[PDB]
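J.: just to be clear, this is only the beginning of the complex, oriented as in the whole thing:
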Amino acid sequence: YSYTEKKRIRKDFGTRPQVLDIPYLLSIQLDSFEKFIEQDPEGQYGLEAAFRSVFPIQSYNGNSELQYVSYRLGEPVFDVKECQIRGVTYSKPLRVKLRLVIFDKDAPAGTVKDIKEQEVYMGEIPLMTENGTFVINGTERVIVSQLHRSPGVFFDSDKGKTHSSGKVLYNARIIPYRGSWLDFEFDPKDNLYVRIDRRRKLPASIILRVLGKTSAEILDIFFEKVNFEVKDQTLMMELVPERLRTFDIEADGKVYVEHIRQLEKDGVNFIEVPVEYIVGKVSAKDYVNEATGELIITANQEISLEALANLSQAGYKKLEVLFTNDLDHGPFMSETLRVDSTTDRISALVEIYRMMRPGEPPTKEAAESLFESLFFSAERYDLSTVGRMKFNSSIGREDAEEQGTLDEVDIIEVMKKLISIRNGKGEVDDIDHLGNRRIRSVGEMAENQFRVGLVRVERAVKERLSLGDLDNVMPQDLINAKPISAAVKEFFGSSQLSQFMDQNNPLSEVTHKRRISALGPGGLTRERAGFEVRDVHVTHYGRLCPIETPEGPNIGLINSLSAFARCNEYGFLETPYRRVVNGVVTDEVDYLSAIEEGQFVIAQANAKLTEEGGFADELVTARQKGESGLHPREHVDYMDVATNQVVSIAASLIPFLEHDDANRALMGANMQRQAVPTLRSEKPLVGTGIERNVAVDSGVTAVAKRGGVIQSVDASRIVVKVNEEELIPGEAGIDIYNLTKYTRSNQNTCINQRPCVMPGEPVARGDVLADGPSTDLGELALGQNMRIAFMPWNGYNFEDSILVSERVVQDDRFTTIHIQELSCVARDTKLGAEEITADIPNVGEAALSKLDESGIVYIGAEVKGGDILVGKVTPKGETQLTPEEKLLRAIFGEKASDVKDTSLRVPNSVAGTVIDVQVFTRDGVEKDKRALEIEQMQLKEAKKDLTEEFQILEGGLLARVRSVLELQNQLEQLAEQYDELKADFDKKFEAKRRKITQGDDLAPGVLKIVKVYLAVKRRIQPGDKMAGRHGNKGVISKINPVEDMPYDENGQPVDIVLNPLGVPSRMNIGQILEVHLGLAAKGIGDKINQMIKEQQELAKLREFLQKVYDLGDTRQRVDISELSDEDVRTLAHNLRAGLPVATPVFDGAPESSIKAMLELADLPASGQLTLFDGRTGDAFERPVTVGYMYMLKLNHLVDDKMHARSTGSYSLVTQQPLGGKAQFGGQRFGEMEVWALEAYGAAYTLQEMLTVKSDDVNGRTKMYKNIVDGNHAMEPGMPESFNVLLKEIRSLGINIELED
């Protein structure tokens, strides 16, 4: 057991040994971006491929070219933390080595005269933080993977929704990675047509004419040949035995039914036929007589009676024709040739040029390059390696592994396979099959956008080289880095898949980095999506979680990676499986994709195994081709590696998931991502054992990079002295972990790292040193454990309402810390420069009490709504004051000032503590006093780590000096090393001071920015949304007094009272099981607390702990005898607040184990206690379910949802009230509200809400004046939107008017 796990061992109720540990949760991001940036010697992945796809650049004339050598990424200007602080993108500069070469016109090409090689800068590539995030414009963002159609050929049909006939029209469609789409469809008259770029249909034969195929060759490829001869004045077939199986059979006794197998045992190579058998048949070749000089019969022409005689007179004796059936073979290609109008390649090229470019005059040379550019050009068409493999697998081609452009055989085989599907052989491809859908991650998207930018620069470079004036030009004159930087910035800042990082809790972190979206560029549309894509395909087993998909329009279109899912080298999801050999089951596993899954049978973890390592039941449950069933034991091929393989990380954290309906499990998984961290993090009493993995892999915790002993612990710094086995020679020997303290998250939530270590104790690698938000001792801890009674209480838990005690409000169990940003930007205006100062006109002294001399509030100031944070004065123009106003000014004095008060004030209903102030000044502007104080504060904070490092290095050096004390030589060496260390420290501090003192690249027009961080402690109140982990959401209806809530015999009151009515209908029974198990766990916890209190001997404590950890026939073997005395005491101390129990999904604790633990805790086996009413004292006549449940505080607070408005700001054009709390807007009275008032008959209320409240400009002012006067009468007028409509209609030249 690790040190961080030995402190609090969670009891495991699982029964199936674990073979494969859960891999890194964020591998999908890290591996993709590492492939993007890392060097590729073979150049198939990463920026190497992007450079090799465009470079070298050839000019039109061929005078010169630009070539590529290598690339590198420089040292970043900043790190992640200060990149967030200033608001700049964390990135590395791209520096590429290029050589310019010039070729002479007189001299033959390929002669190198001189080369000019150097390193040019072509933009800045955003780097990915170790946790898998990007810092763009100072904000943390996640690039979300995209599930898209795999490149290649897809065969599908219509199912019969085009025409009322029972016929089904089949079609095929090729999707390139880069290129133009190509379709082959069937019309409802048995003809095959071609569609290029979704244009109007053309006969398919055109795409063969254009490829040098004469009609004879077309008939040869697309049909089989049956031959005829004239032997002894008799017509003659050939021998193909499978064809015959009825006029007669000229094989003597082998004759039949004037079944063929009867005499097919004996073979003869002759069949005679009448003349009539040929009349209905069609030709296969072209026959020309030299004497006549004309064409008697054409290919694909119906043979007539006189045709036979004329051919015989011509001297031809061999006649080969096509082969046509009604079931197995068809005339589709022949009829398509009959409906085409072209006869030669160039005429077809003219036809496709007319279609591609409607109205353009027919030009031949243009036609040639158009077709060569459409599919056969590497620049405009690119079938990727994955697309190439899908192509070679679909049509059966076995070569051209590196080719990326279509050729003759590709289209030939696509046509052949589609005709074979129309015949009956073969089946269509499943569109939703995960072997037909691919995962595209950060690396591929970045490659694509980088290549787009490279093309943007390629055009200009080619043009400049085509000018030809190349005498003094080094390569950093054709390369323009700004377009490439613009492309990468566009992708990383304005893409639909580049989203703000959901940062409520570590589970939000992980789920956002493991999300797969079918939307985005090259994806789907919410309104245009269908049922089929949203549905759960059977290939999702172990690849996509069937549970967590958002409720609503985005249902099914957004999925989550399963626990063990992985991406192969081609981008297809694969999942692990344990192989079986000789009937035994092996530890080592193989990763299989959707295509490979269909062939084998796959058992699952629930299958019972023997002590010999093999299946027990003869008929084990397994899957074939997506169908579950019972299969023989000896037929098995693979078994699942874990019970949580089909469910993702969020759903793997729901205890007793197998006892919940899928709907409520989905609601719980989605709702567990919205939890808000609290002041104190407490572990879940009932968990699943996955919390440690999520907490460690989220990155919120501080994980020890190397083992050793903690030299020093502080709330902000942890210094670890590394053991002398992991010390690289020459290293200082210490590691410093700086902890984030009260940093605003993306969702205005505190991010705080709390030390969980002492000074001097030993730590190993991977151990947790600090706990981040929603983490307790290395375990994920979202909500709090609440005592729960399942019983109705006077309607205060009606529907999903929740009744909450005052004890938990007083104990601050659900109090949260929210950090808010407020910015004051002093700009430069036409009248003058806006100034940040404390000399605010028309404001007294009390409002300036919290302001400093500069005009910025102090750190630690308690502010409320309306208080000034930054004092700012704005120059203003002359005001033409009204006559009574100048009366007031004349009588009372009080001359007007030249500045108006435009100051940053705290928003209403917001009251908190100022915790940080940041001042950003444009270069060349006088830095105010507060900016100087902040600068010195940051310098003083920043020199400490360098000071400690220099001190320890100099102490080691002086110890070496004393130990050494030939002599003078060692003294001189020590002195020079000391000087080198001093110089290194000076350089580091110089770089630091340069960073803090460096000015800020602000936006044009702004002179100063002041940023204030406000911390607000939000307590739990009625209207707040609280939830469990089983879809049982609710809104608090009352904060009940303690004496009024139900209590037990010992006097302990409940904390939350929940309605039982919502359990049976909603089919979430895992919650009741969680309540019972939590009751047992807290019972065991209080037993350990008692044993601690009266200081019982350690022998009894050890015996009880061993008894607890040995309950049930589980997979966990915990030996308390192997723990030290202090370790046992620490374990007992951490188990005082309850025994944490792990119930893995689909491997959970049975009811027998729950009742056994309830018995061990001296509690009723039914889990129901006798409660007493606090108000009356009378016991409830039925026992009530009481226990402990993990409650979450969702980020749906009534504080930021309550909104009210009487009169505020209005829209510019519509003259209607704004929309939104942030804008102080009004509610929308839509169409259905108008319908409801029309149904009621409220004409006057409707008129008032239409005119006065919304857009009657004079009406609302008059109504306000009347209400102030106390009249409550209105004089309605014309709505402004109707006048806008009249003006807009008149602008269309339409005379609309009002008559009298």
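T.: Ah, there it is. Numbering: from 1, shown residues only, chains lettered A, B, ... in the order given.

J.: looking at chain A, which residue lies furthest from center?
T.: residue A:232 (78.0 Å; C-alpha atoms, centre = their mean).

J.: what's the distance between it and residue A:210?
T.: In this structure, residue A:232 and residue A:210 are 46 Å apart, going by C-beta to C-beta, to the nearest Å. All C-beta spots, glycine's among them, are computed from the backbone N, C-alpha and C.

J.: contacts only, for the residue farthest from the centre of chain A.
T.: Contact analysis of residue A:232 by C-beta atoms under 8 Å, 6 or more residues apart in numbering lists nothing.

J.: separation between it and residue A:253?
T.: 20 Å.

J.: where do the strands sit along the stretch 851-1000 of chain A?
T.: For the stretch 851-1000 of chain A, the strands defined by DSSP state E, counting those that start in this stretch cover A:862-863, A:868-870, A:872-875, A:899-901, A:904-905, A:912-921.

J.: mind naming the longest helix for chain A?
T.: helix A:929-964 (DSSP state H).

J.: which positions in that helix come out as buried?
T.: Buried residues in helix A:929-964, defined by neighbour count with 16 or more other C-beta atoms under 10 Å: A:930-931, A:934, A:938, A:943, A:948-950, A:953.

J.: returning to what we had before: against residue A:310, how distant is the residue farthest from the centre of chain A?
T.: Distance of residue A:232 to residue A:310, given as C-beta to C-beta: 21 Å.

J.: what do you get for residue A:485?
T.: Residue A:485 sits 75 Å away from residue A:310, going by C-beta to C-beta.

J.: next, count neighbours for the residue lying closest to residue A:510 once chain neighbours are set aside.
T.: What sits nearest to residue A:510 in space, not counting adjacent residues and going by C-beta to C-beta, 6 or more residues apart in numbering, is residue A:25, at 5.2 Å. Residue A:25: 23 surrounding residues under other C-beta atoms under 10 Å.

J.: one more: residue A:123?
T.: 22.

J.: skip the chain neighbours and tell me the closest residue to it.
T.: Spatially, and ignoring its direct neighbours in sequence, residue A:123 is nearest to residue A:485 (3.8 Å; C-beta to C-beta, 6+ apart).

J.: what helix or strand is the one you found on?
T.: Applying DSSP states H and E as the criterion places residue A:485 in helix A:481-494.

J.: ok now that helix, how far from the chain's centre?
T.: Offset of helix A:481-494 from its chain centre (C-alpha atoms, centre = their mean, to the nearest Å): 20 Å.

J.: and stretch A:1005-1025, by the same measure?
T.: Centroid separation between stretch A:1005-1025 and its chain, computed with C-alpha atoms, centre = their mean, is 28 Å.

J.: stretch A:476-496 too?
T.: 23 Å.

J.: ok, now which ones touch the residue nearest in space to the middle of chain A?
T.: Central residue check for chain A by C-alpha atoms, centre = their mean: the C-alpha nearest the mean position is that of residue A:144, 2.8 Å away. Listed by C-beta under 8 Å, 6+ apart, the contact set of residue A:144 reads A:497-499, A:512, A:515-517, A:520.

J.: same check, this time on residue A:475
T.: Taking C-beta under 8 Å, 6+ apart, we find residue A:475 in contact with A:66, A:98-100, A:116-118, A:120.

J.: give me that answer again for 7 Å
T.: A:66, A:98, A:100, A:116, A:118, A:120 (C-beta atoms under 7 Å, 6 or more residues apart in numbering).

J.: selection in ChimeraX covering whichever of those residues are buried, please.
T.: Buried members of those, defined by 16+ other C-beta under 10 Å, are picked up in ChimeraX with:
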select /A:66,98,100,120
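
J.: tell me which entries of the contacts of residue A:475 lie within strands.
T.: If you go by DSSP state E, these have A:66, A:98, A:100, A:116, A:118, A:120 in strands.

J.: how about residue A:1239, secondary structure?
T.: Here residue A:1239 is recorded as helix under DSSP: H, G, I helix; E, B strand; the rest coil.

J.: and it, how many neighbours?
T.: 8.

J.: how about residue A:1006?
T.: Residues near residue A:1006, counting by other C-beta under 10 Å: 17.

J.: here's chain B, add it to the model above:
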Amino acid sequence: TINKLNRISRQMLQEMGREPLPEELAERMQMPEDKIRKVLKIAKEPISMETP
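T.: One more piece, chain B, placed on the ones above:
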């Protein structure tokens, strides 16, 4: 003036690897820094009121 501003910023960005600052960009164009800023603060193409 704006086009020359952009071109010289391009050359300096290629030469020194970073985006030019309004100080350094003044001396290579032999025109005062205040007027460099004034040209920079020229309103760009207005953003449409229909943008999502």
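
J.: back to the contacts of residue A:144, now that we've got chain B?
T.: A:497, A:499, A:515, A:517 (C-beta atoms under 7 Å, 6 or more residues apart in numbering or on different chains).

J.: repeat the analysis, applying 10 Å as the threshold.
T.: Contacts for residue A:144 were tallied using C-beta atoms under 10 Å, 6 or more residues apart in numbering or on different chains; they are A:29, A:441-442, A:445, A:495-499, A:512-517, A:519-520, A:558.

J.: narrow these to those in strands?
T.: Those of the contacts of residue A:144 lying in strands (DSSP E): A:498-499, A:515-517, A:558.

J.: mind checking how far the nearest residue in space to residue A:244 that is not next to it in sequence is from residue A:11?
T.: Excluding its sequence neighbours, the residue lying closest to residue A:244 (C-beta to C-beta, 6 or more residues apart in numbering or on different chains) is residue A:260, at 4.8 Å. For residue A:260, the distance to residue A:11 equals 75 Å [C-beta to C-beta].

J.: between these two, which is the more surrounded one?
T.: Neighbours per residue, other C-beta atoms under 10 Å in any protein chain shown: of residue A:260 and residue A:11, the larger number sits with residue A:11, 25 against 14.

J.: phi, psi for the more buried one please.
T.: Main-chain dihedrals, residue A:11, degrees, to the nearest 10: phi -70, psi 130.

J.: got the contact list for the residue lying closest to residue A:254 once chain neighbours are set aside?
T.: Of all residues not flanking residue A:254 in the chain, residue A:263 sits nearest, at 3.8 Å (C-beta to C-beta, 6+ apart). Neighbouring residues of residue A:263 by C-beta under 10 Å, 6+ apart: A:249, A:251-256.

J.: now, the most widely separated pair of the residues you listed?
T.: Distance extremes for the contacts of residue A:263: the farthest pair is A:252 and A:256 at 11.6 Å, using C-beta to C-beta.

J.: ok, the two, which is more surrounded?
T.: Shown here are residue A:252 and residue A:256; by other C-beta under 10 Å, residue A:256 has more neighbours (14 against 9).

J.: can you tell me the SS state at that one?
T.: Put simply, residue A:256 is coil when judged by three-state DSSP.

J.: show me what from chain B comes close to chain A.
T.: By C-beta under 10 Å from any C-beta of the partner chain, the part of chain B that sits against chain A consists of B:6, B:9-11, B:13-19, B:21-23, B:33-34, B:37-44, B:49.

J.: inside helices: which ones of the residues you listed?
T.: Among these, the members found in helices (DSSP H) are B:6, B:9-11, B:13-16, B:33-34, B:37-40.

J.: returning to that earlier point: include distance to chain B and neighbour count when you put the ones in strands among the contacts of residue A:144 into a markdown table, please.
T.: As requested, those are exported to a markdown table (distance: C-beta to the nearest C-beta, whole Å; neighbours: other C-beta atoms under 10 Å in any protein chain shown):
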| residue | distance to chain B | neighbour count |
| --- | --- | --- |
| A:498 | 15 | 19 |
| A:499 | 15 | 14 |
| A:515 | 22 | 20 |
| A:516 | 24 | 23 |
| A:517 | 18 | 19 |
| A:558 | 20 | 16 |
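
J.: kindly report the residues of the stretch 1001-1150 of chain A close to chain B.
T.: A:1001, A:1003-1006.

J.: now, of the residues you listed, which are buried?
T.: Among these, those scoring as buried are A:1004, A:1006 (criterion: 16 or more other C-beta atoms under 10 Å in any protein chain shown).

J.: dump the residues of the stretch 1001-1150 of chain A next to chain B into TSV; add secondary structure as well.
T.: What follows is those, written out as TSV (three-state DSSP):
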residue	secondary structure
A:1001	coil
A:1003	coil
A:1004	coil
A:1005	coil
A:1006	strand
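
J.: in the residues of the stretch 1001-1150 of chain A next to chain B, find the pair that's most separated.
T.: Spanning the widest gap among those are A:1001 and A:1005, at 13.2 Å by C-beta to C-beta.

J.: for the residue nearest to residue A:1253 when sequence neighbours are not counted, list the residues it contacts.
T.: In this structure, residue A:1253 finds its nearest non-sequential neighbour in residue A:1260, 7.0 Å apart by C-beta to C-beta, 6+ apart. Neighbour list for residue A:1260: A:1207, A:1210, A:1215, A:1217, A:1251-1254, A:1274, A:1277 [criterion: C-beta under 10 Å, 6+ apart].
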